[PDB]
Amino acid sequence: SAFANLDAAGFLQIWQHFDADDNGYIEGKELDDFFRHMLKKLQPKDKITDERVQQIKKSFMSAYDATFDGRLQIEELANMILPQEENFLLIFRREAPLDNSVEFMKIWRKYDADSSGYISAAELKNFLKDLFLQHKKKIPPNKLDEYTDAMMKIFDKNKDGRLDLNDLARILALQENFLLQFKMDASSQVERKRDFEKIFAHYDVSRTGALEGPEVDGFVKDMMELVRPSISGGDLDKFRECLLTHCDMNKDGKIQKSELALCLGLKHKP
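Spelled out as structure tokens, the structure:
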């Protein structure tokens, strides 16, 4: 029902369908179909007609741009469809792909030891340095500076001297992002947090502040099946393994409340 814009992740999923060889352009003829894909992604239960694809396509660009025949470079189409922040993320992910979320979380923990869901904004350049090292990616010092500066502009608007995990996780180049798995809107974080506390408490019968074994399986089924009603059984296994891959420190199979909150885009304050 509500209006939704494509984010950089979704834009890239669609783009790849049309530009499988990563030439960095599509032909203007594919532009109708690009919009049809976009509408199916954003409005999954809507029945998309030809007339709707034209009307929505025209809503995203000038009259003149709608008439354009030739190659549209990725940056050109991104400039039409994506807001600034998402535009930046699309470009950054293409020029400096960082695809290891396990190493990301390791570095996250170095800078956010108590799992608050924030790092000190003064630590951003060092955090990015560490992140590029864990990816075995050498970048020029001047790019490091440019990236730090660009990210401060988009992520430290709150200017309280903290950067949110929900923001910095988005700099990763993943086909489908491990954390950004969730709806991030105003009363979506309130409702998810209320559900989180109820369900975590339900399963933590021993009151130890961690879940393990059946408690984790239970928690995942229940949390997920209200976040995404009718979630396939395979996808519950996937997310369960994502948690184990990211939040299972020692080989013990225990998931702390604080770590579970972070995976859900939440913050646990003890």
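Following full-length UniProt numbering, the numbering of the sequence shown begins with 3 at its first residue and continues without gaps. Backbone N, C-alpha and C fix where the C-beta goes; we use that ideal spot for every residue, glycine too.
### Task
Output yes or no for whether 8 angstroms exceeds the beta carbon distance between residue 20 and residue 83.
No.
#### Entry: Option in 27, 136, 109 and 173 with minimal Cα separation from residue 11
Minimum Cα distance to residue 11 is reached at 173.
#### Entry: Length at least 3, wholly inside the UniProt domain "EF-hand 4" (145-180): the beta strand (DSSP E) runs in chain order
Taking only runs of at least 3 residues, the beta strand (DSSP E) segments lying wholly in the UniProt domain "EF-hand 4" (145-180) are 164-166.
### Query
Any chance the stretch 97-115 sits against the stretch 30-49, with 3 or more Cβ pairs inside 8 angstroms?
At 8 angstroms Cβ cutoff, the stretches do not touch.
### Task
In the DSSP assignment, find the unbroken alpha helix (DSSP H) run with residue 273 in it and report its ends.
The structure shown has nothing for residue 273, since the chain only spans 3 to 272.
### Message
For residue 233 and residue 239, what's the separation of their Cα atoms in angstroms?
### Response
Spanning the two alpha carbons is a distance of roughly 11 angstroms.
### Task
With a cut-off of 8 angstroms on the beta carbons, I'd call residue 201 and residue 186 a contact; round off their distance for me.
At roughly 19 angstroms, the Cβ-Cβ gap does not stay under 8 angstroms, so residue 201 and residue 186 are not in contact.
### Query
alpha helix (DSSP H) containing residue 260: first to last residue?
Its alpha helix (DSSP H) spans residues 259-265.
### Task
Ignoring anything shorter than 3 residues or poking outside the UniProt domain "EF-hand 3" (101-136), list the beta strand (DSSP E) runs there in chain order.
Taking only runs of at least 3 residues, the beta strand (DSSP E) segments lying wholly in the UniProt domain "EF-hand 3" (101-136) are 120-122.
### Query
How is residue 73 classed by DSSP in three states: helix, strand or coil?
Residue state, collapsed to three classes: strand.
### Task
Give me the Cβ distance between residue 139 and residue 98, rounded to the nearest whole Å; I'm assuming they're in contact under 8 angstroms.
Indeed they touch by this definition, with Cβ atoms about 7 angstroms apart.
### Query
What are the residues that DSSP puts in a beta bridge with residue 29?
For residue 29, which the question treats as bridged, DSSP gives the partners 73.
### Query
Apart from the five residues just before and just after residue 219, which ones in its own chain have a Cβ nearer than 7 angstroms to its Cβ?
Contacts found: 242.
### Message
As a quick exercise: from 263, 272 and 183, pick the residue whose alpha carbon is nearest that of residue 237.
### Response
Comparing Cα positions, the closest option is 183.
### Query
If you draw a straight line from the C-alpha of residue 9 to the C-alpha of residue 123, how long is it?
Residue 9 and residue 123: Cα-Cα distance of roughly 24 angstroms.
### Message
Tell me which residue opens and which closes the alpha helix (DSSP H) that residue 98 is part of.
### Response
Neither: residue 98 is in no alpha helix (DSSP H) and is coded neither H nor E.
### Task
Could you name each continuous beta strand (DSSP E) segment of 3 residues or more that falls completely within the UniProt domain "EF-hand 5" (193-228), going from the start of the chain to the end?
Within the UniProt domain "EF-hand 5" (193-228), the complete beta strand (DSSP E) runs of at least 3 residues are 212-214.
### Message
Counting C-beta neighbours from all protein chains within 10 Å, is the total for residue 144 16 or more, i.e. buried, or is it exposed?
### Response
Exposed, by the Cβ-count rule.
### Residue burial classification, residue 267 (beta-carbon count within 10 angstroms, cutoff 16)
Buried, because 16 or more other Cβ atoms sit within 10 Å of the Cβ of residue 267.
### Query
Is there contact here, the stretch 145-153 with the stretch 244-261, by at least three beta-carbon pairs under 8 angstroms?
Taking 8 angstroms as the limit for Cβ pairs, the verdict is that the stretch 244-261 does not touch the stretch 145-153.
### Own chain, CB closer than 7 angstroms to residue 42, minus 5 neighbours either side, in chain order
Around residue 42: 50.
#### Entry: Distance, residue 205 Cα to residue 40 Cα
Distance from the CA atom of residue 40 to the CA atom of residue 205, rounded to whole angstroms, is 39 angstroms.
#### Entry: residue 256 and residue 270 closer than 8 angstroms at C-beta
No, these two residues do not count as a Cβ contact at 8 angstroms.
### Task
Alpha carbon to alpha carbon, how far is residue 221 from residue 18? Give it in angstroms, no decimals.
Whole-angstrom Cα-Cα distance: 35 angstroms.
### Message
On the CB-based measure, 16 or more other CB atoms within 10 Å of its CB, does residue 104 come out buried or exposed?
### Response
It is exposed - the Cβ of residue 104 has fewer than 16 other Cβ atoms within 10 Å.
### Task
Using a threshold of 8 angstroms, state whether the C-beta atoms of residue 156 and residue 87 are closer than that.
A contact, by the Cβ cut-off of 8 angstroms.
### Task
Out of 101, 5 and 69, point me to the one whose CA is closest to residue 176's CA.
Between residue 176 and the set 101, 5 and 69, the nearest pair of CA atoms involves 101.
### Query
Hey, would you say residue 117 sits closer than 8 angstroms to residue 213, going by beta carbons?
It is not a contact, given that the beta carbons lie outside the stated cut-off.
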